[PDB]
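In: first portion of the complex, with coordinates as positioned in the assembly:
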Amino acid sequence: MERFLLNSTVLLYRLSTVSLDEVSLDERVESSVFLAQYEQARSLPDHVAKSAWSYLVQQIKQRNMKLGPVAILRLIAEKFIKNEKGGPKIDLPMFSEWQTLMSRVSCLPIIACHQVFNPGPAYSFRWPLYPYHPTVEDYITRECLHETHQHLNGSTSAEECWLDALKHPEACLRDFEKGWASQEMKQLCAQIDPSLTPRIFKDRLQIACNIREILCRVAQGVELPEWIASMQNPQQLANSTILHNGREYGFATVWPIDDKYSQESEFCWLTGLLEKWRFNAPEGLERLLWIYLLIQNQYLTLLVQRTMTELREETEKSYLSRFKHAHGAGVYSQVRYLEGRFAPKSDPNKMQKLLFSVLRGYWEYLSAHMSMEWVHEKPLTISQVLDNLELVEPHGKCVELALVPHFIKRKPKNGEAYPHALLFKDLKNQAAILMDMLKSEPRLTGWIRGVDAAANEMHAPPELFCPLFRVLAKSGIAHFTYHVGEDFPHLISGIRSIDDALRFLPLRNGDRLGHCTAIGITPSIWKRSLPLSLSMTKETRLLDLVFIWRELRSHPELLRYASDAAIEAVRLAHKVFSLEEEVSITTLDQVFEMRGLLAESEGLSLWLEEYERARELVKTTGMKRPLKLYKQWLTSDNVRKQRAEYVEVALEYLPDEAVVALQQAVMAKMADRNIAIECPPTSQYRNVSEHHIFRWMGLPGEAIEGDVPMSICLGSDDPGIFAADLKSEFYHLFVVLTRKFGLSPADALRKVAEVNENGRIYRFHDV
C-alpha cells in the first residue's frame, strides 16, 4: 500500500491545492489512497486494501512517525533494502516485489532513506539495486553480460530523464506541447492524469524545481530565507519567483556540486534532508517533499508509458554515462558486448553529429580505463575518433560497442501512390545518408553493424523493408534486425508476421529478429481478457488465411482448418480484388509471394538490382495473373479501400492445437535458418512466471510437446519500469527460476547463461 502514497494523481492534486498550514490530512490521504488503488490495482477485494492501510497507520503510530514521505520511505527501505558484502542490496525473495514497485516509484529516495537510517559499515549512489548471489556474481565476473536490445527511452533509464526535464524544463514543455496535439497522446494523458494539460505540466515542473531548491536550503541548513513565510499554497511554486511584500524573490540557491541536476546531487540533497528530518520534520516542508516525489513519479509514469529532448542527448555525455553505467564499479566491465541502437537522422549533418557524439563518448569511456598512445589526444572528427579506436584491442576489459541504426515505421497516409510510399521514401533518404557516411568513411563499417527496424508492427509490414535491407547489405551493413510479434490483432496474425519476416527479409545465418512474442505466448494465456471477436483489416485477414493454409496443408490432423482457410481466403480475395473470374488459393499464394518486390521496380547504383528484380518475374510467361493481381493490390484505389476495411474474426477461429502447430512451424523455420530471438522482459501476464521466455528455455510445465529451441538472447528493455539494467533482468530471471520453478542455483544459472551466451554468439560486433 506504500506505493499509492508516492504515486497517486488524487493525492498529488489534493496536496498541491490545499494550503501548507492545513494540518490533519490523514482522512484525505486515506481516501485518495483508496481511489488510487481502485484506479491502478482494481482487483484488490475492497477490504484487503482497508486492512493494509490500517496496518500501515499502525506501524507509523507505533514507531512514532507521522504519515508522510519520510515514514513511507523508511518503511519501504527497511522492507526491501539491506547491507550485504558490498553496498545495499535487495532480498532475493523480495526482488520480484521490488521490480513491481520500481514500475511505480523511483529508487533514489528509498536508497537515500536506507543510507540515512540503516547505513552499512563506515557509498556512491548507483542504480539500480540488485540482489546478491555468489553464483550469479561469479558468472558475471567470468563471462560478463551481453546487451542485444536497448532502444526504449533513447537508451537511458527513465529516472535520469526526470533530472533532464528539470534541467531543460522548457525543452520538455516544448516536446509535451508538440505531441499533445496528437490524439494518441491526449488519450494517454487522460488515462494517466485526466486534467493534465500542457499548462499544469509546466506548473508541475516548476513546482518540482522550486521545491528542490527550497529543500536543498534546509538540507544544507541555511537560514530558511524570509520569503518562506509568504509561501502558503503549493501553487505559489508554479512560478519562477515569489512575491513576499512588493518584491519578487527567486527560488534559486547555491549548490555544492557543479552539476546541480545530477543524480549524485539529488542523492546528496535527499540524504541531507532525511538526516536533518531523522527524528521529525516540519509539516509544510514534509508536504513539499511529498509533492516533489508525487510529481516525479507521475512524470516518470507518463514518460515510460509513452524528439527534441532526445536531440539534447546528441552530446558525448549521455553516451559516456551510458558506457560508464554498462561498466560496473569495478576495473573489468560487467557488460562485454553492447549493442547501441539509435534513430537515423534525415539530415546528413545531424547524422554525422549523432555518430560523432556516440563514438567520442565511447572513446572517452575507453580512455578512462586504458592508457595508450592515442594519436589525436583531442579528436574533433569521426575520422580522428576512428583513428583513436583502431588501436583498441578486444582484450575484454571494457565494453565493445556495436551501433545499430533504427528504422521507424509510420502508418500509411491518406493519399500516396502505393501503401507506405512516403514511409518507404523517408527510409530511403535515411538509408542513403547512412550509405554515404559508410562510403566517405569505410572504417565506420566496423562500428555500424546492423540495421534494425523497430516501432509499431501494424504500421508497416516486414515486406516493405526488404529492398532497403538488401541495398544496405551491399552498402556494407552486416546483420539485420526487425521487430516482429510484439503487437498483433490476432495471434495467427503475429505468427504470420514472423513467418513473413523470415521468408522475405534477407536474414542470414546468425541474424536476430526481435521480441517474437507471437510464437512464445500460448493460446491459453493470450485470450484472458480479450473479446470473443477481434476485428482486423481485410489484408491481414487474407494473409493470415493464406498462411494458415500454407502451414496446415501437410498436417493430417488439421486438414479441415487448412481447407476452410483456403475457402475463406478465396472468398475474401473475391471482394478485396473485386474479381469476377475464379482465383485459386495457389494463385493467391503466387500473388502474395511477391510482396518482397520493390513497388516501383518495374510494376509501378545499388538500387539497380532490386529495380530489375521484377524483370525475372515479368519474364516468366506463367506469372501473368499473379502479376496483374499484385499490381491491383498495390495501386487500385478500390483494393486499397478494401484492404483498409475491417472484418471480425472469432477468438477461437483456430483451436489451441492449431495455433500451437503454427507456432511450432515458425519455430522450426527459425531453428533451421539459425535466427535468434532477443527476448526482453515485458500485458496478459499476471506474474513473471507466466512469461514465454521460460517456455522457450524449456522449463517443465511451460514447454509444449512439439516445441523447437530457438537461440534466445537477452535484452535490457522493460517497458514499464524505472532504472532497469541488464544485470537487473539477469537477476530477475535467476530469482524466478530458483524460487518459482524450484531450480537449484546451478541449474538456474545454466539456463540464464545459455541465453546470455546466445547474445555473444549472435553478436553483431566486428570479429
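Out: Ah, there it is. Numbering: from 1, shown residues only, chains lettered A, B, ... in the order given.
In: give the contact list for residue A:363.
Out: Contact criterion C-beta atoms under 8 Å, 6 or more residues apart in numbering gives A:379, A:385, A:388-389 as the residues in contact with residue A:363. Bear in mind the C-beta positions are built from the backbone N, C-alpha and C, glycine included.
In: let's verify it: helix, strand, or coil?
Out: Assigned by DSSP: H, G, I helix; E, B strand; the rest coil, the conformation of residue A:363 is helix.
In: hmm, who's touching the longest strand seen in chain A?
Out: Across chain A, the longest stretch assigned as strand under DSSP state E is strand A:335-342. Contacts to strand A:335-342, defined as C-beta under 8 Å, 6+ apart, come from residues A:143-151, A:155, A:319, A:322-323, A:326-327, A:354, A:358, A:396, A:399-406, A:450, A:452, A:454, A:726, A:759-760, A:763-765.
In: list only buried entries from the residues you listed.
Out: Applying 16 or more other C-beta atoms under 10 Å to the contacts of strand A:335-342, the neighbour count classes A:144-151, A:155, A:319, A:322-323, A:326-327, A:354, A:358, A:399-406, A:450, A:452, A:454, A:726, A:759-760, A:763-765 as buried.
In: of those residues, which belong to helices?
Out: Using DSSP state H, the members of the buried ones among the contacts of strand A:335-342 that fall within helices are A:319, A:322-323, A:326, A:354, A:358, A:726, A:759-760.
In: including distance to residue A:115, could those residues go into CSV?
Out: Output for these, formatted as CSV (distance: C-beta to C-beta, whole Å):
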residue, distance to residue A:115
A:319, 29
A:322, 25
A:323, 26
A:326, 24
A:354, 37
A:358, 34
A:726, 25
A:759, 34
A:760, 36
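In: pick out the most distant pair among those residues.
Out: Across those, the two members that end up farthest from each other (C-beta to C-beta) are A:354 and A:760, 26.6 Å apart.
In: count of neighbours near the spatially closest residue to residue A:487 that is not a sequence neighbour?
Out: Spatial nearest neighbour of residue A:487, excluding adjacent residues (C-beta to C-beta, 6 or more residues apart in numbering): residue A:457 at 5.4 Å. Using other C-beta atoms under 10 Å, residue A:457 has 25 neighbouring residues.
In: try residue A:256
Out: The number of residues packed around residue A:256, counting by other C-beta under 10 Å, is 12.
In: ok, it touching residue A:269?
Out: No - counting by C-beta atoms under 8 Å, no contact exists between residue A:256 and residue A:269, whose distance comes to 9.0 Å.
In: what is in contact with the two at once?
Out: Between them, residue A:256 and residue A:269 have no joint contacts when contacts are counted by C-beta under 8 Å, 6+ apart.
In: what are the ranges of the helices in the stretch 101-250 of chain A?
Out: Ranges of helices in the stretch 101-250 of chain A, per DSSP state H, counting those that start in this stretch, are A:107-117, A:134-143, A:158-167, A:169-180, A:183-192, A:197-220.
In: including distance to residue A:659, could the ones you listed go into CSV?
Out: What follows is the helices of the stretch 101-250 of chain A, written out as CSV (distance: least, C-beta to C-beta, whole Å):
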stretch, distance to residue A:659
helix A:107-117, 40
helix A:134-143, 36
helix A:158-167, 35
helix A:169-180, 37
helix A:183-192, 30
helix A:197-220, 43
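In: which of those helices sits closest to residue A:547?
Out: Comparing these under C-beta to C-beta, the one sitting nearest is helix A:183-192, at 29.3 Å.
In: tell me which stretches of the stretch 251-400 of chain A form helices.
Out: With DSSP H, counting those that start in this stretch, the ranges of helices along the stretch 251-400 of chain A come out as A:263-276, A:283-305, A:308-311, A:318-326, A:348-367, A:382-389.
In: another chain to add, chain B:
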Amino acid sequence: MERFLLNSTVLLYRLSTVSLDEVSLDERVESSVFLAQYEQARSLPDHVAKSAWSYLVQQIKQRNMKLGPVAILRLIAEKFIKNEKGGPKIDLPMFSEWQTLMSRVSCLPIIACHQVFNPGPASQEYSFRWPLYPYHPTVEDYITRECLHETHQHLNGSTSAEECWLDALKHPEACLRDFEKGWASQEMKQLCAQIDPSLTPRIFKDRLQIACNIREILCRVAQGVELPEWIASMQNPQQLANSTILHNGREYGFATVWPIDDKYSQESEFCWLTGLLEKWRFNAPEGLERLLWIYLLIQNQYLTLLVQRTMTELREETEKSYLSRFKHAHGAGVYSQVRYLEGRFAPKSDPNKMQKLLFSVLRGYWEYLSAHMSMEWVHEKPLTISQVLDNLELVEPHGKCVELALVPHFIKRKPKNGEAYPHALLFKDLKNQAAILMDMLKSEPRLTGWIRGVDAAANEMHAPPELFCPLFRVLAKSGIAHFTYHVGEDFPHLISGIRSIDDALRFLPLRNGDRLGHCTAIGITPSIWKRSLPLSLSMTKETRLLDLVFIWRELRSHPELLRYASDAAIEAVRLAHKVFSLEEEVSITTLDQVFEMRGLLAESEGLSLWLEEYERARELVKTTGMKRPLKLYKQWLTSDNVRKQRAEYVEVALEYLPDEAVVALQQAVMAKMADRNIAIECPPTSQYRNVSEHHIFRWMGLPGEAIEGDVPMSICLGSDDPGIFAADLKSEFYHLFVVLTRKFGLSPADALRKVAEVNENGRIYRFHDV
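Out: Let me add chain B to what's already shown:
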C-alpha cells in the same frame, strides 16, 4: 465495444454538458469510449480497442446509420437476440457474453429494439418479460417437470435492479433522501468516487430530473404529439435538470399524458421505447437521439451504482412488490416455473413495522394465489395477518403455484468504539428484533408455518458466527425451524474463511438439513485465490490467533502437515502472550479450551426462553478444572488491553500455508459439512476471469476442477448475482447449463443431470413446512 457507448461516465458528462445543436460529436464519442474502456476493462491491449471501434463505425456507416443509441441498440439486438419457438431468446453460444453485458447495460432498450427491427411472428402478442433466456428443450422440459427452487434471494431487497430505476423515477425525492442519508458515510463516498468521481447528491438529483424530463419529452414524440413549442428554448441538456422550462417569461412543465395508468411501469417504458424506435426506424433528430442517449447513460450509471452498493426499501412494504415478485417467479404459463421460494427480509426493530412488512408479504402471496386458483376464500378481502392466514390455510401443496417460506435476516454491524463487550450493542439490536419476532410468532402460532428460518447475512468481518448462537438457540425454541448464516464470502485470508466456516459449524445450532450460505472459502482454490493479492495480507490479531488455533486443530492428525501444526501452535502461544498480556505459560490446549467458549452468551454468568443460555455458563463454572480458560475468556471479553490488542493488526504471508495444507483444511471442513449434512447455497458471483473458474464446478465434481480429497456437500442454487441487472433463477440455471455444455464438453443430458442435482438439493433442504 458497444457497452462503452451505453455505460460511460465520460460520455454522459460530455453529452449532458454540450449544447443540443453542436452536431458532429464522433471524435468525442470515440475518445470518451477509449477512456471508459481504460477505466473499466483495462487489460485490452490498447489496439484491440482501436480496431473494435473502427469495425463499429464501419458497420454503422455501411448500414447507413448514425452513431447513436438507436444504431448501438440495433447492433446489440441483431448480435444477441432472435426469435425462436416462443418470444425472443438469446443464443446458447452468446448467453455468457449477454450476461457480461447485462452487468453493464439494461436489457429493456435492447428488447424494444429487437421487437421493432426484427419482430417475431405476428401471432404471439409479445408482453415484455425480463430477463431474456436461451432455449434448450432439455432444460425447458426439466423446468416444466421439476420446477426451480430458490434458496438465496437477498440482494437488492429481492427485486432486480432494473425496476429500481423506475422506482427512483417514481420517488425521485425518496431516492435522493436515501442517497444523501448514506452519502455522509465514507464507504459510500468512496464508492461514488470510484464509479463517478464528481457525482455528489446535487448532480444525482439533477440526473434523476433530467431522466424524468427526457422520458416525458420522448414519450411525446413516441406518441407523435405536436412537439410542444417550448422545445425550441431547450438548448442545453442541463436545462432538463429542473421541473419546469422557461421559454419566454413563462414556466412550462414537462409532464404529459400517458396511456397506461402506471406511467413508471416497465410495460409503459417498453411501450414508449418501442414507439420511439418505430418512429425513428429510418432516422432520428440529432437532439432527441442525444436525449435518448443521455437517458440510457443515466439509467445505466444509476443501475451500476445501485448494484455496487433503507427508505426506498420501506417503500417496498406494500402488497405490490411482493405480488410482482411472486408473479415473476411464476412464469408466463399456468404452472409456476419456481416451486419452492425462500423470501428473505430484514426484521424491523419496531413491532408495528414488522407486523406491517409481514402483512404486506402474506397478502401479496395470497393475491398471487387468488390469481391462479378459485376457492372459497373465507375473507374475500383480508385486512389482518390472522385473516390472511385463515385464507392461506386452505391452500394445498398441489404444485401449481409458488410455495413461500419466509426467512428474516439479521444484519451484523461492526463493533463500536465503547461497549461492555465486543458487539454488545449489535447483540442488543438483534435481541430486540428477535424479541419482536418471537412475540409475533406467539400472538399468531400459525406464522410458524410461513416463517421458516433465521438467516444472518451482511458483512462477515463485522460479527463472528459465535455471536449469533444464543439468538439462534432461543429462536429454535420460540419455534423457528432451520437456520442459515453467511460464511466464507469475504475473509482477510483463505485460512480465515475456512476457520469461519468451521466455527459456524461447531458453534451454531445447525441441525440435519440446515444450510450455511456461500461458503466460498472451501470452494475457491488456493491457486485461484491469490492472483492479484499482495504477498502479505494484514488481519486482526484475534483472527490471526483463531486461525492458528484452527490450523493446529485440523493438522494435528495429518502426518504430512505436522510441521505446520507445530508452527501454528507455537505462533498461537506467542500471539496469545501479548494479546492476553500473560506473564505465565499458556499451552495450546488451554488456548483451545478458552476458544471453545465463544458460543457462550457474554452476559450469562461471566459478565423466559433466555434462561437456558443465561445459565449455560454455570456448567462451565462448575467444572473445577475450567478455571484458567474461564478467566482468560473473561479477559478476552472485557479487558480493555486485550480488546485493543484484538483490534490490532498483524501481517501474514500469502504462502503462510502451502496450497496442499490449505486444501487439507478445506477438505476437513468439507468432511465436517458432509457428516452434519449441511447444504451450501451457492449463487454465481472477483478473482474469476471466466465463469468456468467458479468453485461450483469443483463442488459438482467436474474433471479438472475437483481435487483428489474433496467431499460432496449438497450444493443448492440461489438467484443472487451481485453485479447484474435483471437476473433470475432460470437465468442462472441456463448459465450453468451453458457453461457445462460448452466449456466442459458435457452433453446436454449430463449437464442437465449435474445442474438438476443442485436444483433438487434446493427442494431436499427447503425450509418450507411439510
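In: with chain B now part of the structure, what is the answer for the neighbour count of residue A:256?
Out: Per other C-beta atoms under 10 Å in any protein chain shown, the neighbour tally for residue A:256 reads 12.
In: of all residues in chain A, which one is nearest the centre?
Out: For chain A, the residue lying nearest the average C-alpha position, counting by C-alpha atoms, centre = their mean, turns out to be residue A:152 (3.1 Å).
In: for that one, give me phi and psi.
Out: Taking degrees, to the nearest 10, you get phi -90, psi -60 for the backbone angles of residue A:152.
In: ok, it - contacts?
Out: Residue A:152 makes contacts with A:717-719, as judged by C-beta atoms under 8 Å, 6 or more residues apart in numbering or on different chains.
In: ok, of those, which come out buried?
Out: Burial by neighbour count, 16 or more other C-beta atoms under 10 Å in any protein chain shown: within the contacts of residue A:152 this picks out A:717-718.
In: before we move on, back to that, roughly how far does the residue nearest to the centre of chain A sit from chain B?
Out: To chain B, residue A:152 is 17 Å away according to C-beta to the nearest C-beta, to the nearest Å.
In: sorry, back to before: as CSV, the contacts of residue A:152 with distance to chain B and secondary structure would be great.
Out: Below are those laid out as CSV (distance: C-beta to the nearest C-beta, whole Å; DSSP: H, G, I helix; E, B strand; the rest coil):
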residue, distance to chain B, secondary structure
A:717, 17, coil
A:718, 17, coil
A:719, 12, coil
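In: what is the nearest of the contacts of residue A:152 to residue A:80?
Out: Using C-beta to C-beta, residue A:718 is the member of the contacts of residue A:152 that sits closest to residue A:80, with 17.8 Å.
In: so which of the contacts of residue A:152 is the closest to residue A:61?
Out: Here the nearest of the contacts of residue A:152 to residue A:61, counting by C-beta to C-beta, is residue A:718; it sits at 36.3 Å.
In: ok, that closest one touching residue A:729?
Out: Yes - in terms of C-beta under 8 Å, residue A:718 counts as a neighbour of residue A:729; the distance is 7.1 Å.
In: which residues does the closest residue to residue A:117 other than its chain neighbours contact?
Out: If the residues on either side of it in the chain are set aside, residue A:117 comes closest to residue A:74, at 5.6 Å by C-beta to C-beta, 6 or more residues apart in numbering or on different chains. If you count contacts by C-beta under 8 Å, 6+ apart, residue A:74 has them with A:65, A:113, A:117.
In: tell me the buried residues within those.
Out: Neighbour counting with 16+ other C-beta under 10 Å marks A:65, A:113 as buried within the contacts of residue A:74.
In: give me the distance between the two termini of stretch A:470-479.
Out: Start to finish, the residues bounding stretch A:470-479 are 11 Å apart (C-alpha to C-alpha, to the nearest Å).
In: contact partners of that stretch?
Out: Residues outside stretch A:470-479 that contact it (C-beta under 8 Å, 6+ apart): A:404, A:431, A:434-435, A:438-439, A:442, A:445, A:448-451, A:480, A:506, A:508, A:510-512, A:606-607, A:609-610, A:764.
In: let's see 7 Å
Out: Where contact means C-beta atoms under 7 Å, 6 or more residues apart in numbering or on different chains, the residues beyond stretch A:470-479 that reach it are A:431, A:435, A:438, A:445, A:448-451, A:506, A:511, A:606-607, A:610, A:764.
In: and stretch A:550-563, by the same measure?
Out: Residues external to stretch A:550-563 that are found in contact with it (C-beta under 7 Å, 6+ apart): A:548-549, A:589, A:654, A:658, A:661-662, A:665.
In: so which of the residues you listed belong to helices?
Out: Where the contacts of stretch A:550-563 overlap with helices, as defined by DSSP H, the overlap consists of A:548-549, A:589, A:658, A:661-662, A:665.
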